[PDB]
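Below is one structure, written out as structure tokens, with a few remarks after it.
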Amino acid sequence: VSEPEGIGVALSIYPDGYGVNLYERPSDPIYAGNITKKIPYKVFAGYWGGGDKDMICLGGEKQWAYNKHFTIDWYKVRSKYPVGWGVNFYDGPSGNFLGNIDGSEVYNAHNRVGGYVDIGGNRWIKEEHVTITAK
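Residue 205 is where the sequence shown starts when you use PDB author numbering, and the numbers rise one by one after that.
In structure tokens:
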């Protein structure tokens, strides 16, 4: 059974009590606040800015944080079908057809929108064709 929301789970790399900053506007972050309670937090979206500029969203628009401040257990995306059974991917949710995978690989969930999941590289698959699970 697939995780109904989210793309992964993040845990601060710092000690409990040590503030990790939250931001809005992930391409040019504006300080929004500070999280000091160290517990696992569900990740709802990713900003794929490349390297150190990657951010993860722990809620809504004012809950962006840098990936580098967390260890992240990404949700894993797997075909429902046997190896060799093609699964189409698109250039966005309900987007243009781009290609197919053969189901031999496991992917990390990079974003989920409108019943589609991005398996990375801007490749969006209908969620009906895959499982999205914590491990």
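Note that CB positions come from ideal geometry on N, CA and C, so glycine has one too.
task = Could you tell me the distance, in whole angstroms, from the CA atom of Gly264 to the CA atom of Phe248?
result = Locating residue 264 in the sequence shown gives position 60, counting from the first residue. Locating residue 248 in the sequence shown gives position 44, counting from the first residue. Distance between the alpha carbons of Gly264 and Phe248: 8 Å.
task = Could you say if the segment 302-317 and the segment 271-289 meet the contact criterion of at least three C-beta pairs nearer than 8 Å?
result = yes
ask   = Looking at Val317 and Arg282, is the spacing between their C-beta atoms short of 8 Å?
value = One-based indexing of the sequence shown puts residue 282 at position 78. One-based indexing of the sequence shown puts residue 317 at position 113. No; because the gap between Cβ atoms is not below 8 Å, this pair is not in contact.
ask   = What are the uninterrupted segments assigned as beta strand (DSSP E) that are 3 or more residues long and contained completely in the segment 298-334, given in chain order?
value = 301-305, 315-317, 320-322, 328-330
ask   = Cβ atoms of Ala236 and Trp278: under 8 Å apart, would you say?
value = Translated into positions along the sequence shown, residue 278 becomes position 74. Translated into positions along the sequence shown, residue 236 becomes position 32. Going by C-beta atoms, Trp278 is not nearer than 8 Å to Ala236.
key: Reference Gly221, options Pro230, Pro233, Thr240, closest by Cα   = Residue numbering aside, residue 221 sits at position 17 when the sequence shown is read from its first letter. Checked all of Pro230, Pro233, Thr240; the closest Cα to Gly221 is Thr240.
request  = For the segment 225-249, list the beta strand (DSSP E) runs that are entirely contained and at least 3 residues long, ordered along the chain.
outcome  = 234-239, 245-247
query = When DSSP labels each residue in this structure, what does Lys280 get in the three-state scheme?
reply = Here residue 280 is taken as the residue at index 76 of the sequence shown, counted from 1. Here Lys280 sits in strand by DSSP.
request  = Take the Cβ of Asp322 as the centre, count every other Cβ of all protein chains shown within 10 Å, and call the residue buried at 16 or more, exposed below.
outcome  = Translated into the one-based positions of the sequence shown, residue 322 becomes position 118. Counting Cβ neighbours within 10 Å, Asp322 comes out buried, since at least 16 surround it.
key: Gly212 - DSSP class collapsed to helix/strand/coil   = Counted from its first residue, the sequence shown places residue 212 at position 8. Note: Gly212 maps to strand in three-state DSSP.
inquiry  = Going by the DSSP bridge assignment, what does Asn292 pair with across the sheet?
reply    = Here residue 292 corresponds to residue number 88 of the sequence shown, with the count starting at 1. DSSP lists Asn304 as partners of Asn292.
query = Assuming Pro297 and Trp328 make a contact with CB atoms under 8 Å, what is their CB distance in whole Å?
reply = Taking the sequence shown and counting its residues from 1, one reaches residue 297 at position 93. Taking the sequence shown and counting its residues from 1, one reaches residue 328 at position 124. Contact flag correct, Cβ pair sits at about 6 Å.
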